[PDB]
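Chains as they are written, first to last, in our numbering: chain L, 216 to 249; chain C, 375 to 484; chain A, 1053 to 1066; chain P, 110 to 1217; chain U, 52 to 221; chain X, 40 to 133; chain Z, 1159 to 1491; chain W, 14 to 70.
Beta carbons: idealized from backbone N, C-alpha and C, even for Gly.
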Amino acid sequence: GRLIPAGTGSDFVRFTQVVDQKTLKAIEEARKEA
Amino acid sequence: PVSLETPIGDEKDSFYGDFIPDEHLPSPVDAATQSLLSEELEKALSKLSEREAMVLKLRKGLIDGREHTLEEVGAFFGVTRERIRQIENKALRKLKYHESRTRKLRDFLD
Amino acid sequence: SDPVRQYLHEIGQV
Amino acid sequence: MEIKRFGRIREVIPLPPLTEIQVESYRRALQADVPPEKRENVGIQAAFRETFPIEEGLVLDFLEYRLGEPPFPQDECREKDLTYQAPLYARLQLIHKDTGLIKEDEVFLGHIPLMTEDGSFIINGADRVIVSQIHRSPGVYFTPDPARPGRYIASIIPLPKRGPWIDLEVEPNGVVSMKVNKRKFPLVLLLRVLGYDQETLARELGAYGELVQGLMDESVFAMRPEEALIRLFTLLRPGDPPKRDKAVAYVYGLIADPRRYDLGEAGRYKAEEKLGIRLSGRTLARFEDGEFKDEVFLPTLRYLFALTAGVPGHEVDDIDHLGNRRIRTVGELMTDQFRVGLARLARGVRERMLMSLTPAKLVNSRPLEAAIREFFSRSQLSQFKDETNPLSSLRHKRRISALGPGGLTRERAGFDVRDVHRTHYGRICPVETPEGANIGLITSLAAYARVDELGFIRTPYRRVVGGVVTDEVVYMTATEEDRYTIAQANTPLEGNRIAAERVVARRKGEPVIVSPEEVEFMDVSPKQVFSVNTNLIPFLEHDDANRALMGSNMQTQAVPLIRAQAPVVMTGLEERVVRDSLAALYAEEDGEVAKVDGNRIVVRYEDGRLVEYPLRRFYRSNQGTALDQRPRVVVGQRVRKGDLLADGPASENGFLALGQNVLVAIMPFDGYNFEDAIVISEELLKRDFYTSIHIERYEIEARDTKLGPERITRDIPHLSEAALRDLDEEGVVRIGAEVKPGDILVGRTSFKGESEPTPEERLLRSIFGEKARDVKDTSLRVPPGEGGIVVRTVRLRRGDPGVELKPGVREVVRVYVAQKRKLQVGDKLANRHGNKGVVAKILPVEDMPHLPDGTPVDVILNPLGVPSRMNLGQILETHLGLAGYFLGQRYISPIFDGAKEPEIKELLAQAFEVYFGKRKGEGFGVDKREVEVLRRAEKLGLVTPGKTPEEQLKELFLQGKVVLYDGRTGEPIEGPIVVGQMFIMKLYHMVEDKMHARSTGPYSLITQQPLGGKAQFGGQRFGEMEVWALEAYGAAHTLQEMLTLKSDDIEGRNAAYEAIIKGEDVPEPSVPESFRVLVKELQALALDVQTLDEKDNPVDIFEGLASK
Amino acid sequence: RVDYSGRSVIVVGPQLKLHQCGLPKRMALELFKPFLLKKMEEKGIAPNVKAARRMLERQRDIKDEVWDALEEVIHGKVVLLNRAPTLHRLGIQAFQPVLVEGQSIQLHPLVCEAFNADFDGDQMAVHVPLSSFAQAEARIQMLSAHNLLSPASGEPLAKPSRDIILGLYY
Amino acid sequence: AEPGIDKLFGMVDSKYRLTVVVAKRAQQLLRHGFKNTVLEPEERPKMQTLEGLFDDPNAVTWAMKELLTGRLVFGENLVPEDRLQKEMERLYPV
Amino acid sequence: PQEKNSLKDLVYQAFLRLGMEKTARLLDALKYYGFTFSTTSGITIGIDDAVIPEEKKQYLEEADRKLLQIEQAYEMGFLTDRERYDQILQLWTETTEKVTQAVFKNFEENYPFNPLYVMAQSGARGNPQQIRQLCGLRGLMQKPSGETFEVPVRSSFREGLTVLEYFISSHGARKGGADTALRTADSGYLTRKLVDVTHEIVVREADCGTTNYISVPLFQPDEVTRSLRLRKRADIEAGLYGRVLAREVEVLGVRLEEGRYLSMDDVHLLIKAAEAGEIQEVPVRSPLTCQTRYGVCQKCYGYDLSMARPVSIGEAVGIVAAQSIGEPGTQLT
Amino acid sequence: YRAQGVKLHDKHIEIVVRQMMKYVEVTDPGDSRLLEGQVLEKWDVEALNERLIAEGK
DNA sequence: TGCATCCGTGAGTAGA
DNA sequence: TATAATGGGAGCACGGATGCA
Ligand SMILES: NC(=O)c1ccc[n+]([C@@H]2O[C@H](COP(=O)([O-])OP(=O)(O)OC[C@H]3O[C@@H](n4cnc5c(N)ncnc54)[C@H](O)[C@@H]3OP(=O)(O)OC[C@H]3O[C@@H](n4ccc(N)nc4=O)[C@H](O)[C@@H]3O)[C@@H](O)[C@H]2O)c1
Ligand SMILES: [Mg+2]
Ligand SMILES: [Mg+2]
Ligand SMILES: [Zn+2]
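Structure follows, in C-alpha cells:
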C-alpha cells in the first residue's frame, strides 16, 4: 500500500518544492540575516 | 454454525462470508461523530470556569476515565462535598443555559 | 497413501 | 383488425406439447396415476426394486409405494414458503426366515416434490426448473488411439455413478490391456476368470491375424478360474488379504452386481446394436451357478480386433453424434437422487438390523428426505426459474445443459462439445445458446424435437414413397435418420407429389441433389430446425446467425408491459406459446359466460355445472415482473372449447405480446443514437407505451435474543410523527402508502447490547436530562433508489394458527411494494433481430422527425447498426410494418416461408394509395419540400426522371422510404428515410435497478475492505487491471488512495472522512489492514515476515499490540 | 474494493465537451457526500454535519439548497470513469462531471473507442479522487482531453468515428 | 482540456513534476486560506452560483493558474521544509 | 473527401502543430458538425439499398458451367478426389472475390451515394466482406471439423438463406463464438504474465550513457530471396518513430544529429532516402541496449508515444508495454 | 500483430524481450564463490566480474 | 539420454 | 462395567521440472 516508484511517486520528481517569490525572499533575507 | 467459505454463485467465484459486514469496528462516520462530540463538549466546557468544568470532568469520567465521588472532588479542590455538589450544580446549570441558547449539542442526542 | 489401509495392515500383523 | 398470412408450406403436424420434456418425464418417474401393481420397473419404482430386498430382523422387503395428496395447494405453498410436495409411503414386510416371522407395515418416507401444471416445482416457496442434461450415452465405443495411429481404444461406459469406465487397448508390447479405476492389467486374466479357455479364444479371435497371439499367455491359462480370480483381486487391491469370497464379492460388485454396475436401457440397447449381440441383463457379466459368465467383454474385444485389422463393417464412433449423446430429463435426475438417498436409508437398515423389530423401527427416512431436498434445493441443474415473461419460463424448461453433476466442467470443454454437430438438425437449435463462456454448453430443444424413452432426441419426418409425400410422420433418432435421403420441406409439391426433377436433400447431413425417386423422407417444416424463441423471429433467413442469437435470447428478457402488443409481423407461433406457457386462461368446454369480474370469471358449460376461474392479479414473479391475468370476455358471451377467457401477462388476445409496435425512422440523429444508443419520442411516455409494473418484496424478523426480544412496534425511539406517519398501529406501513428511500416499512426495536457509556455519553445525558432507552431502532427502511406503493403486507406471529417459524423467531413481516415504471434514459430496448440499445434521449414530440401529415415517429434507430451486423430482418419487418401501418393490418410471415419482396411491394403500393390519395382528395398537392427531396432522390437513383411527383413518391414508398420533415426546422431531411412499424421490447435491464453509488459503508470482517454489490451497499471493485491502469498513468497518489484511504486502512479512512467533513486536506495514508492480515497468516504458516528500515532494523507495523 | 465509487449504465453524451461526462445527481450526492456535508454546513442548510446527514437520509427531506451546494462542491473536480475489462491505461479516464437528472452516466463519443464502450447496455464505474494530489494527478495526467494518442502506436486514439465520419464525408 | 496545459508541460522536464508542483501549491493555498496567492484580484478564479460570482473553491484550478503566471518558483532543495512551513506560518497565519 | 484516415491524419497533424488544448477543440468541432450533417444527410437503410449486381447471375451461371468441367474430369479419372475438391474451393473463392468486386464497382459507378457504400468507403461502418454477404453471395461455409463444404451459399441476406444454408452457416458461427470465448482467457493470462515480467521497468534517468544501440533494417530479404526489398512503411514507422538516433545520419542533404528524436517526418525522410539507396539501416537507441538498472532511460525509450514528445522520467513504461501488447490480444486470429 | 492490422511499436516488445534476457548461467566460477551451472542476473554477474577484475581475480 | 510422472495453470467487472 | 462379538468403503491440456528406462 506504499506510494509506487513511478509517475508522481518517482524519486526524480517527488521532492520538488514550490514557493512564491514573497515567501522566497522572506526566507532568503532571513538566511541572509545570519 | 455454517461455514464462511460456503459458495454463493454457481461458478466458484464467491464466498458467503464476503456478504457479512463487520459490526464491531466503528464506521468512519461513527468515529467522526465521537470526535465531533469530544470537541463540542470541550467547546462547551470552556464557557465555564476552569474549576467547575474540571468538577464536571472529574465527576463524569472525562479525565482519568473514572467518575469520582463528590467527597473525592471536594477533597481534590479542598472544599466541602456540599460545596463541590453546588459547584457541580451551577456548572451543569450554566451548561443547560448555553445549550438552550446555542442549540449545539442537541443533534448528538440521536 | 491411504492411512486406513496401512493401519489395517499393521493391525493384521498381530 | 385483419391478419394476412404468407407462405406455401402446410405443416402436416402441429407443434408437440412444448413442456412435455418436463411433464411426461416427471409423470413417468412418479407413476402416481398408476395402481401399484400395474407399475413398471422404471422410475422410483426402479429405485425401490433396486434397493430392496435388504438382507443379512433378517430380511426387509418392499411391496409397493404410494403418493398421498399435497398437504397444501400451490398458491398456499408460495405464500408460506413451503414446498409443493406429496407424502410418500412404502409398504414393507420384515421377514425372518429362521423364525418364520412376518411383519408388514406402511412406513412414511417423507415427502417428494410435485411438478406443477406448467412443468416447474415450488421449492421452499420459489419456483424452480430442473434443466435437462446432455451427456455421453452409456454403451460400447471405439475411438482412434491418439498416440498410435492404426490402433484403437474400446471404451465401455455405464450410466453416471453407475460404475467404472473400462478401457480395452492393444499395448505396444502386443498384450491387450484393460484399464479399470486407473489400473491397467492383461485382459487375459479377467477372461480366464470368466471361464474362457485358450481354445475358445483361439476359435473366436483367431480370425484376426497376430492379435490373438498378443492375447495369448501361458501362465494365465495354466491357473484355474479361481486362481486367476484371486490373482486379479491381488492386482486390483494391493495390501488387501487375497481371500477368495472377498475377491468374488468385489469382482461381482465391479462387473456384475446390478445394484453397483448399471448400463442404461440406452446403454444396453446401444451395446447390443453395435456389437450385434443380445444382453440378458444390464451388466457386463453375470454370476450363475457359482461362477462368472461373460456378456459384454468378448463381443467387445472381438469388435476391437476386427476394427484394428481393417475388417469391413467395423467403424469408429462419433462421440458427438446425437445418437451417442442423450438427454437426462427431470425424471431421470430426481430418480437418481432418490436411488442415492434410498441406498443410504438401506445402509441404515442393515446397520440397525443387528441390534421386537418392525419395519418402522428398521427404517429412518432422514437420508432419503435429505437426498431429495439436496437435489431440489442445492443442485446446479436445479435452477431458480426464469419467469420474467411467460416465454422465458417456457424456454427455461426446454434448456439442455452439458454442465452439472455427472457432466462437463467449464474450461474442461473444448470445441468438440460446444460445436453444432450435423446431427443437431431438427433436434437442438443451432442458434439459441448463451454468448460468452457458456457458448455451446447450454442449448435449447428444437421446436418439433422429442426426447424418447431411451433419452435420445427425435425429429419428425414425412414418409415419401415414390415421389409421393404421405402424411405419415416418423420420429427418428440421429442414427436412424442416417439411413435416408431426406428432402427439404420447401421442395415444390403439386398436391402430395414432388413437382421438381431435382430436389435438395440430406444424406448423413451432407447436402445433395437427388431425384423424387430417391427421396425417402421429407422435412416437416423449417420450424423444426430452430428453438421456440428463434422461431419467433420474422425474416430470420435475412438475419446473420450471431445477431439472431441475440434476438432469440433477448426475447426471454422482455418485461411484460401494461399496454403490451403482439408484433405487427408475427411468425405464427405467438399463440401456441401463450397456450403452452399456461399464461392465459381458456374455456374448458363449450359454454356461456355467466359472470365477469376483475378478480374472477364464472362460466356455465353445456353440462350445466357452474365453473369459477379465479384470476391471478398483480402477483410478483421471481424476477419481480408483474404477473396478472385480465378478463378478455364480457358477461353473457358465448364461448367454445379452447376459446380465450383471460389474457395472461404479456399477452394480447392470446397472442404473445412481449413489447410494443412503434413507428420508427432509420436515420442518425444528432449523435444521440451513436453506437447503438436509441432516441425515443416523449409521446411514448404520454400514451404509456413501455410502462411496466414491478413488485419488490421486503422482509424483516423479530427474534428472541439474549438481551431481550426484538419486536415489531410503532414506538421507535427518537422518531417524529412525521417519520411514523404512514405506519399502522402495529408498526407496519399501511396499504396504499407511497414509500420513498429512507421511509420506514416495518418498525422494529432491538434491545441494546452490553455496553457502558463513554464519559461523553454520560456528560451529554446529564446536560439534556434524557435517560438513554433500553432499545434502539432496527426498523426495515426502503433502500436507496427503491420504493413505490405498498400493495400488500403479510404478518406471521408465533402463537398463531397454522403458523410455525424457524427456532427463535417470534414474528416475520413481509411488505410488498409495487412501482409503475415509465420508460426512461438508460433502459434497454431491443427488437427480435438482435438490435439492442439504451434510450439516450427522450425528445419532446415537436422535435421528432415527422411525416408530411404531421405524424411524428416514435423511435429513431441508427442505420450504422445495420451493415456490419448483417441482420436485415428488421429492415423487411419495417417495410411490412409501414404497409400494415397504413392498411391497419398485421401479418404472419413464417420463417423461410413468408412474405418475399414483391408481395411486400404490393402491400406497400396499396398502402401508398391510403397514404397519399387521402391527401389529394383533401385538396392538397405536393409540397415544395417534397419537390426538393424528390430532386435529391432523383440524383440518388431512387426515382425515375420524368415521372410525376406522385409517381416518384410512390417509387420511394415501394422502397419503404418516405419524405420526412425535421421537427426542429421544418426543412425536410435531405434524402428520403425508411420509416415503418417495428416490434420493440423493453428488456429486464433497467437503469433504476443498476444505478448505485457509495461514499462509505459496510466493511468485510477479515479483510476490512468494502463489501460488494448494490444490495450490501458495497464499493466498486478496483482490481489488478485497474491498478495497472493507475500505474500506467503514473498516478501514484490516486492509487495509494485506492489501496489505503478508500479501502482497508482503518486509521486512514477514518481520518479521511473526518478531515473531509472538517474541510481539512486528507491525511497521509498508513498500513492497509489486509497486509497485516497477510503477515499474520504467514506467521500462521510458520514463516517470519519482517518489515525493515534502511538499517535492517525491525519496524513494527502492529504498533506494539502483538509484542509482549 | 474501494469507497467513494459507484456504477451505472452509460448513455451517449453528444453535447458534452471532450473533458466532460454526465453524472447523475443522485450518484454525485453519495459520491461527494462528506464534501456536501461540509458545504451544507458552510451554507445555511444545516446547523452542523450530523443534521446535514440526517437530512440527506430521507429522500423527501432533500431540498434544492443541497443540489446547488453539491454543484459548488464538485466545481473544478474530476471523477474517474472505468469500463471493464480495463485493457490499457485508457480504460480509466478523468472527466469533469456535469450533474444530470436521471440515472444514466453520460459518456463522450470520442472516448468510446478507447474504452471499447458502446450503448448496448454497457455500464461504467465512477471513482472520486479525494486528495488535492489525486485531483492533480487526475486532471493533469488522466484527463480525457489530455490523452489523444495511443501509448501503443502513437496514433490518434480519440478520433472521428461512425456518425461523425459519416457526416463529414457526406 | 486544462487551460494552458501545453505551456504547463512546457515548464517542466517531466510531466509528473508538474503534477507534484501543482498539488503541493494547492495544499499551500488550502492551508493558508488562499491568503498567500500570487494572483491579482482580476486574475482570481471565479465560480458562478445562483447569487453571483464567488472565488473558485478549487485549489488545484488556482494552483495551475498561478503556475501559468511565472510568479511561483519550483525545484528541489530550495529551502529546508520546516523553515518554509514556519516562514509561511509567519507570513500568513491561520 | 474526408474519411477515417484523412480525419485521423488531420487530428495527428493538428496535435503536432497546435497542441492538445487546440486539438481537443478541433475534435469537438469535428464531432459537432459531423453529427449535425449526418442527421440531415438522409442516410438510411431500406432493403433496396443492398443492391444485387446483375453480374452475380452471370458469375454464378459461369461457375455452374466450370462446376461441370471439374465433375466430368473426375469421372474420366484425370482428377483425383483431392485435386477436384481443391479446384472447387479455388473456383468458389475466385467467384466470391468476383462478386465482391462486382458489388463495389456497381456501387461506385451507378450509386456512389448508396448508404452501404458510403458507410463502407468512409470508414463509418462496414467492410467489403459484410457488404458482399448483404449484396453478393455469403460464400463458403466451414464444417465443424473445419473443412469447407463443396456447396457454397449462393444467397445474400438480401435474398435470404435456405434453412439448409442457414444451418450450414451456424457451424462457423458457433466455432467463431467458442473461439472468441476461449481466446479472451488466453489473452488475459498473457497480459498478466507480461505485466508481471515488466512491472518494475520505469524510466529512472535521462541517460545511461551507453554507447551501444540497435540497427533498424530498412530492407528485408524477399521470400523468393531473389533480391532485397523495402520494408512496408508501417513496419519501419513502428521500428523508428520517436526514437533517439544513436549516431549522426547524413542523408538527402539533411543532417540528422546524434541524440535527435525521430519525428514522423524524420522517419518519412529516412524512408525516402532508402528509396534513393543512400541508407539501408538506422542506428537507434533501444531498451534492448540500455544500461539503466531496474528500467530504461529517457534517451533509450524515446517518445512517450501518447504525447509525441520525449518520454518523461518517472513514466512506467513496463506496464505501458504489457498493456500495449496485451490489449489487441483478443483480435489475433 | 501486423497480420491482424494492429499497429504496435517495437519498443514495447523490446522491453519485454529485454526482461526475457535478464539472466545468465555460470560456465565457470573463476575465482568467484559461484557454482558451475548457477543461474543469476546479468547485472549482478557484471558487477561481481568487475569487482574481481578490480581484485585481479 | 529420452520416456514417464507429478504438479500447476487456464481475462475482467457485474450478480448471486 | 462381563453371552460373544477380532481387516473400510467409496469411487481438458499444456507446459516445465523432475525422476527412471
Ligand atoms: N443469468 C441468470 O441466471 C438469470 C437469472 C434470472 C434472470 N435472468 C434473466 O436473463 C437476463 C440475464 O441473462 P444472462 O446474464 O444469463 O446472459 P446475458 O449475458 O445475455 O445477459 C444480458 C446482460 O447481462 C449483463 N452481463 C452478464 N454478465 C456480465 C458480466 N460478466 N459483466 C457485465 N455485464 C454482464 C450485460 O449487460 C448483458 O447485456 P449484453 O449481453 O447485451 O451486454 C451488454 C454489455 O455488457 C458488457 N459485458 C457483457 C457481458 C460480459 N461478460 N462482459 C461485459 O463486459 C459489454 O460492455 C456489453 O456490450 C436478465 O435480463 C434476466 O431477465 C437470468
Ligand atoms: Mg457493449
Ligand atoms: Mg461496438
Ligand atoms: Zn539507456
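Expected contact under 8 Å - CB spacing of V848 of chain P and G894 of chain P to nearest Å: Going by Cβ atoms, the distance from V848 of chain P to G894 of chain P rounds to 12 Å, so no, they are not a contact pair.
Inter-residue CB distance, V1042 of chain P and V1072 of chain P (contact presumed, cutoff 8 Å): 5 Å
Just to confirm before moving on: does the CB-CB distance between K885 of chain P and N731 of chain P stay below 7 Å? no
Within the present structure, is the beta-carbon of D396 of chain C separated from the nearest heavy atom of ligand 3 by less than 6 Å? no
Distance CB(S640 of chain P)-CB(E541 of chain P) smaller than 7 Å: yes
Cβ-heavy atom distance, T594 of chain P to ligand 1, below 6 Å: no
Rounded to the nearest angstrom, what separates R117 of chain P and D1006 of chain P at their Cα positions? 7 Å
Answer with yes or no whether the minimum CB distance from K89 of chain U to chain P is below 7 Å. yes
Amino acids of chain C, ordered along the chain, whose beta-carbon sits closer than 7 Å to that of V100 of chain U: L410
Please compile the residues from chain X whose C-beta is within a distance smaller than 7 Å of the C-beta of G1143 of chain P. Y55
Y305 of chain P, DSSP secondary structure in three states: coil
Is it the case that the Cβ atoms of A331 of chain P and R301 of chain P are separated by a distance below 7 Å? no
The beta strand (DSSP E) with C1455 of chain Z in it runs from where to where? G1453 to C1455
Is DSSP giving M585 of chain P helix, strand or coil here? strand
Helix or strand or just coil, what does DSSP make of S790 of chain P? strand
Under three-state DSSP, which class holds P395 of chain C? strand
Using a threshold of 6 Å, is the CB atom of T1349 of chain Z nearer than that to any non-hydrogen atom of ligand 1? no
Within its chain, find whatever has a CB closer than 8 Å to the CB of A1168 of chain P; leave out the 5 residues flanking it on each side and keep chain order. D1174, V1175 and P1176
Every unbroken alpha helix (DSSP H) within the stretch 421-466 of chain P, with a cutoff of 4 residues, ordered by chain: 439-462
List the DSSP bridge partners of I204 of chain P. P:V168 and P:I211
Drop a sphere of 10 angstroms on the beta-carbon of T407 of chain C, count the other beta-carbons inside from all chains shown, and report buried for 16 or more, exposed for fewer. buried
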